[PDB]
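A short worksheet on the structure shown next.
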Amino acid sequence: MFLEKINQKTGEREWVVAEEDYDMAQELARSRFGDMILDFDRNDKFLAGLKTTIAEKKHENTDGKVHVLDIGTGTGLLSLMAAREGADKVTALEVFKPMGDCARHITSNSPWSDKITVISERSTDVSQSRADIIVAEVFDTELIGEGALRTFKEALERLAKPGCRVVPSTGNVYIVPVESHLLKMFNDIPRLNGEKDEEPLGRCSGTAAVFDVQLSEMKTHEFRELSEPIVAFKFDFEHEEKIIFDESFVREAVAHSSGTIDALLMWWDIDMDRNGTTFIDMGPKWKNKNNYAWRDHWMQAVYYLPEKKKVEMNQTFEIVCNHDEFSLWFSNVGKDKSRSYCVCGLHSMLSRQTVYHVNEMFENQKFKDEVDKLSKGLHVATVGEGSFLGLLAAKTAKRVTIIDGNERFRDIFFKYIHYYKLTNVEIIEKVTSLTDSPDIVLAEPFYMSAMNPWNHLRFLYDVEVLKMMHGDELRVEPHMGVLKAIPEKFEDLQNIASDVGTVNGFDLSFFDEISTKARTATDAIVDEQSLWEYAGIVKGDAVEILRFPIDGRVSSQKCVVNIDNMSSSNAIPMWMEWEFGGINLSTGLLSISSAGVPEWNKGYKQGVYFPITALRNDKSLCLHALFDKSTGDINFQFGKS
Ligand SMILES: Nc1ncnc2c1ncn2[C@@H]1O[C@H](CSCC[C@H](N)C(=O)O)[C@@H](O)[C@H]1O
Numbered sequence: 002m003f004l005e006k007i008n009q010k011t012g013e014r015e016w017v018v019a020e021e022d023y024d025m026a027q028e029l030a031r032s033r034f035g036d037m038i039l040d041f042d043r044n045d046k047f048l049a050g051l052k053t054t055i056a057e058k059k060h061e062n063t064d065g066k067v068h069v070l071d072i073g074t075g076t077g078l079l080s081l082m083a084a085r086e087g088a089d090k091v092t093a094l095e096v097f098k099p100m101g102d103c104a105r106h107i108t109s110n111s112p113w114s115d116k117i118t119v120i121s122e123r124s125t126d127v128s129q130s131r132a133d134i135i136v137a138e139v140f141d142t143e144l145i146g147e148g149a150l151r152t153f154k155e156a157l158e159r160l161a162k163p164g165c166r167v168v169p170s171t172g173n174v175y176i177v178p179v180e181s182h183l184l185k186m187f188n189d190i191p192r193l194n195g196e197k198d199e200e201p202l203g204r205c206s207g208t209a210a211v212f213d214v215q216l217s218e219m220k221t222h223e224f225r226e227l228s229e230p231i232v233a234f235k236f237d238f239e240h241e242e243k244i245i246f247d248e249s250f251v252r253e254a255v256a257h258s259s260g261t262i263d264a265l266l267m268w269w270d271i272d273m274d275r276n277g278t279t280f281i282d283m284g285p286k287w288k289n290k291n292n293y294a295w296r297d298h299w300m301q302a303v304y305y306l307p308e309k310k311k312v313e314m315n316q317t318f319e320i321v322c323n324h325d326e327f328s329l330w331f332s333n334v335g336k337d338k339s340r341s342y343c344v345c346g347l348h349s350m351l352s353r354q355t356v357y358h359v360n361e362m363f364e365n366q367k368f369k370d371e372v373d374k375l376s377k378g379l380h381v382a383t384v385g386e387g388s389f390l391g392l393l394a395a396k397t398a399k400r401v402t403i404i405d406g407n408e409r410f411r412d413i414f415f416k417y418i419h420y421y422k423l424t425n426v427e428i429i430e431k432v433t434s435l436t437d438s439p440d441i442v443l444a445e446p447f448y449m450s451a452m453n454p455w456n457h458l459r460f461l462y463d464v465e466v467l468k469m470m471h472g473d474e475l476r477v478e479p480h481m482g483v484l485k486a487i488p489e490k491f492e493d494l495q496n497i498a499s500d501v502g503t504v505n506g507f508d509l510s511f512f513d514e515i516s517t518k519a520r521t522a523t524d525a526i527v528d529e530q531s532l533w534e535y536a537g538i539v540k541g542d543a544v545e546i547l548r549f550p551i552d553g554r555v556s557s558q559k560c561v562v563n564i565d566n567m568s569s570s571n572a573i574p575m576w577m578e579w580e581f582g583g584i585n586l587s588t589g590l591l592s593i594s595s596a597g598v599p600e601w602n603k604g605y606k607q608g609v610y611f612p613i614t615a616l617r618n619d620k621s622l623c624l625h626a627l628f629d630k631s632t633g634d635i636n637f638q639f640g641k642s
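Terminal number for the sequence shown in the numbering used here: 642, no gaps in between.
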């Protein structure tokens with residue numbers, strides 16, 4: 002139940018929900034699954050699969066009728082598709098109630114009301130005619146992480162006729178081994194002196210959770226394939242005995258080039274009807290010639306072998322491909338075939354992008370030059386949470402005090418101190434335990450706790466506590482920070498937030514209604530996204546929003562600004578920059594090309610606002626921004642002029 006109210010700043014109408022309804026709504030706010038419904042290719046492929054199987058079943062079984070089951074019906078799209086194009090009957094399940102009513106609602110007010118009936122159970126909990134066809138879009142980037150195996154497997158035994166047909170009928174998962182400095186950087190334990198054999202934290206597989214990334218937006222020069230795609234797994238969705246939760250396979254292939262396997266890229270394809278003619282194929286842009294379509298709710302993934310594996314031109318090599326019910330992982334021959342978890346400690350604290358970020362800074366000569374310059378022969382103190390900056394300062398500083406409140410990072414930092422035998426660094430927990438006045442404070446700033454990637458402003462409070470102790474003249478860097486936005490025309494990104502409307506000639510606008518109400522109730526106004534992964538063209542200069550000078554005091558800060566060039570843009574990115582001594586660190590936009598293509602930092606996610614629909618066509622948008630001394634939070638509202 003959505004409670005209407007009026008934004009007192011922008012006049013727009015918004016909703017809210019009562020605490021008991023919050024979780025329900027949040028879920029329902031995620032029920033769009035980004036661009037899922039606007040993935041016209043995925044739709045045209047389910048349809049086509051439905052045409053074939055409905056026809057062939059019509060033909061086969063004697064009473065020329067056909068009963069289709071839709072698991073995870075969502076808005077009902079897939080049932081509407083089944084009914085139209087022939088299903089005498091369509092029963093359609095959905096574990097999530099509010100999405101149950103949505104699908105009954107839209108499915109009632111329809112030409113196919115007669116044929117379609119919505120049940121709000123999980124497939125795996127049910128007992129009833131038997132189904133002649135099962136249709137289910139119940140996949141994620143890993144293919145199996147959303148329960149698809151059990152879902153088809155069990156539906157097949159209990160819910161469907163023998164000789165059932167299923168849409169999709171079949172799939173493969175492919176891995177491609179690549180050498181890539183880039184990809185390594187997302188997983189590599191930071192090596193302080195740069196050499197290959199440094200292992201200050203011992204060895205680790207890194208994080209086991211999926212690394213989904215848009216590999217289409219990766220630059221050709223950033224990686225080098227060593228071989229042709231390898232089939233890891235084949236799934237057969239029509240035969241329960243072929244669906245198996247825990248599996249392992251050694252796979253073989255012939256390398257077409259020598260190189261080290263820094264990563265294995267993966268994606269899947271599905272055969273919509275078992276004919277070998279109509280596929281959804283998640284191969285990226287650079288290796289997907291007949292069924293490429295941008296989308297975001299599905300993507301490709303990167304995986305890392307636990308140990309180094311080298312491969313040689315024209316020589317055969319093997320990779321062990323493993324899955325349990327929900328996850329895929331890969332390993333080397335003669336090595337433990339179990340799913341591994343970070344044991345190093347670092348993997349499990351830092352995101353992939355932050356791990357990249359730390360390897361980037363460790364390798365950055367220009368940034369390392371300013372640290373050296375600023376640190377020389379001095380006592381420096383570092384603030385941050387999980388920020389390795391202190392360990393650079395150490396190259397040149399007389400003495401470094403790293404202040405980090407998180408016990409787990411201190412242990413990590415103590416391991417770096419031990420492994421490289423650093424003789425000039427101590428670590429303390431609390432800002433107030435810095436009792437020897439340092440010559441300078443250095444920060445990035447980075448706090449792993451930041452609620453939002455554009456907001457590491459705890460730095461500003463830590464600075465004040467150090468000024469209270471040691472005088473307003475305390476030298477600190479960075480000396481100034483600024484929040485910045487820029488109007489951008491994204492190629493496709495915006496489909497994750499824009500209205501869904503009429504799809505394959507079906508009116509889903511009811512779902513836009515409840516989805517928008519849910520979203521206004523639960524979402525942040527400014528999304529977060531790894532913008533290096535999304536293509537587009539910038540439509541104006543970056544504009545300044547809030548600025549945070551460092552010579553105190555900390556102060557709430559207000560900004561109301563017009564953002565122009567929106568009539569041809571479709572999003573507004575936001576990020577932070579800092580003057581660290583004599584250089585500029587950007588957590589976002591790094592450069593813009595002659596043709597207007599922006600480049601973004603891979604080591605952070607950035608903010609993006611997508612114009613609400615009442616605002617889709619305005620030429621300028623009013624952006625109210627607000628930093629609050631009391632919470633350290635920043636709040637945004639976006640309105641008309
Ligand atoms: N075994 C199961 N039984 C019922 N619903 C399921 C399920 N597994 C997943 N779901 C639901 O299935 C949906 C997957 S999203 C796909 C929705 C819609 N069919 C479409 O194609 O656009 C989610 O709404 C989720 O809650």
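Positions of the beta carbon are idealized from the N, C-alpha and C atoms, including for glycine.
Taking all protein chains in view, the Cβ of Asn-291 is surrounded by fewer than 16 other Cβ atoms within 10 Å, so the residue is classified as exposed. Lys-116: not part of any alpha helix (DSSP H); DSSP gives it neither H nor E.
Shortest Cα-Cα distance from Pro-439 to any of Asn-407, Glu-492, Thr-383 involves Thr-383. Of the residues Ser-621, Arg-476, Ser-587, the one whose Cα lies closest to the Cα of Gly-541 is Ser-621.
In the three-state reduction of the DSSP assignment, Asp-473 falls in the coil class. Distance from the CA of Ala-498 to the CA of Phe-611, rounded to the nearest whole angstrom, comes to 7 angstroms.
For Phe-447, the Cβ stays outside the 8 angstroms cut-off from all heavy atoms of ligand 1. Only residues of its own chain outside the window of five on either side were considered, and among them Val-432, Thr-433 have a CB closer than 8 angstroms to the CB of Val-466, listed in chain order. For the pair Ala-256 and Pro-307, the CB atoms are not nearer than the 9 angstroms cut-off. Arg-166: member of the beta strand (DSSP E) spanning 161-168, first to last residue.
Here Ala-132 is bridged, per DSSP, to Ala-161. Residues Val-483, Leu-484, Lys-485, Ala-486, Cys-560, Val-562, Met-575, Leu-624, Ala-626 of the same chain have their beta carbon placed closer than 8 angstroms to that of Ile-546, with the five preceding and five following residues left out of the count. By the neighbour-count criterion, in which a residue is buried when 16 or more other Cβ atoms sit within 10 angstroms of its Cβ, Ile-551 is buried. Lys-336 is the residue among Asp-126, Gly-195, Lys-336 whose C-alpha sits nearest the C-alpha of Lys-310.
Taking 9 angstroms as the cut-off, the Cβ atoms of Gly-604 and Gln-354 count as close.
Within its own chain, the residues whose Cβ lies closer than 6 angstroms to the Cβ of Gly-391, once the five positions on either side in sequence are excluded, are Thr-383, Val-401, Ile-403, listed in chain order.
C-alpha of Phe-34 to C-alpha of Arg-554: approximately 43 angstroms in a straight line. Closest in C-alpha terms to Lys-399, from the list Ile-120, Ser-376, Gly-172, comes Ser-376.
Nearest neighbour of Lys-416 by Cα position, chosen from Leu-144, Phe-3, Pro-191, turns out to be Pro-191. Secondary structure at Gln-27: helix, using DSSP grouped into helix, strand and coil. About 4 angstroms separates the Cβ atoms of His-348 and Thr-208, confirming a contact at the 8 angstroms cut-off. Short of 7 angstroms from the beta carbon of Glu-253, and not among the five residues preceding or following it, lie these beta carbons of its own chain, in chain order: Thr-317, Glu-319.
Taking C-beta separations shorter than 7 angstroms and ignoring five residues to either side along the sequence, the partners of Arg-85 in its chain run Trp-113, following chain order. At the C-beta level, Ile-245 and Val-312 stay beyond 9 angstroms of one another. In the displayed model, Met-362 falls within a helix according to three-state DSSP. Contact check for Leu-509 against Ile-107 passes: the beta carbons are separated by less than 9 angstroms. Taken from the Cβ of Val-426, every heavy atom of ligand 1 lies 8 angstroms or farther away. At a cut-off of 8 angstroms, the beta-carbon of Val-96 counts as near ligand 1: some heavy atom of the ligand is closer than that. For the pair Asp-282 and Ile-120, the Cα-to-Cα distance works out to about 31 angstroms. Distance from the C-beta of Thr-118 to the nearest heavy atom of ligand 1 is not below 8 angstroms. In terms of Cβ geometry, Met-267 and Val-174 form a close pair [threshold 9 angstroms]. Cβ atoms of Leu-150 and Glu-21 stay farther apart than 8 angstroms, at about 34 angstroms. Checking the 8 angstroms criterion, the Cβ of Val-139 is within range of a heavy atom belonging to ligand 1. Between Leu-160 and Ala-137, the beta carbon gap of about 11 angstroms keeps them out of contact (Cβ cut-off 8 angstroms). Taking 9 angstroms as the cut-off, the beta carbon of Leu-78 is found closer than this to the beta carbon of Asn-44. If you look at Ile-515, you'll find it in the alpha helix (DSSP H) that goes 510-523.
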